[PDB]
Amino acid sequence: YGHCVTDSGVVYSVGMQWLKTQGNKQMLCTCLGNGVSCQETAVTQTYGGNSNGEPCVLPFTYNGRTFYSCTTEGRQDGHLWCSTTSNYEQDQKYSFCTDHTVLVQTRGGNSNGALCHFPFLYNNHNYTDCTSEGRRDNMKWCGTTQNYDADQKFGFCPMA
Ligand SMILES: *[C@@H]1O[C@H](CO)[C@@H](O)[C@H](O)[C@H]1NC(C)=O
């Protein structure tokens, strides 16, 4: 009942994102009722810029390099900027992203390689870090859904 299965046998409860592949690249897929939200894993909340509250259009080259996602090249406000036009040198459109979004990829336990959602609720407590609630061992974990305790699905965070 519910959840989504991709890759070959990887179940991902609703409101659950995860990394995948759609050819020669990786695509971001998430369980959402009965339609896995599969979409590139690039670009994020785009504000202001030469796009005026619009999405991006990667890849986008600039200065002589081919950026495949937001970048801080040129900007000094802290956030990253992205081009909103396949041909940056053409449209010259762009947009300032927000903290280059955030997508965690936990694994082991239950969230079989599930793109942990940060932040993540816990027992009704806004959490923004691989919490070890009930751990006590060298290792942290987070919630695969905005409502962990409400989703009953956790996963270990990267070790690198
Ligand atoms: C957790 O944070 C979100 C927005 O960050 C808010 O809508 C939600 O109500 C918060 N949950 C609790 C239990 O405070």
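Here chain A follows Swiss-Prot, giving residues 305-464 in order.
Even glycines carry a Cβ here, placed using N, Cα and C.
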Residue among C308, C342 that, according to Swiss-Prot, closes a disulfide with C333: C342
Recorded positions near ligand 1 among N430, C434, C461 (Cβ under 6 Å): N430
Largest tally of Cβ atoms lying within 10 Å of a Cβ, found at which of the disulfide-bonded residues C308, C333, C420, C434: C420
Long-range environment of the domain 'Fibronectin type-I 6' (306-345) - Cβ separation under 8 angstroms, sequence gap at least 6: 362, 407, 409, 415-419, 421, 448-451, 455, 457
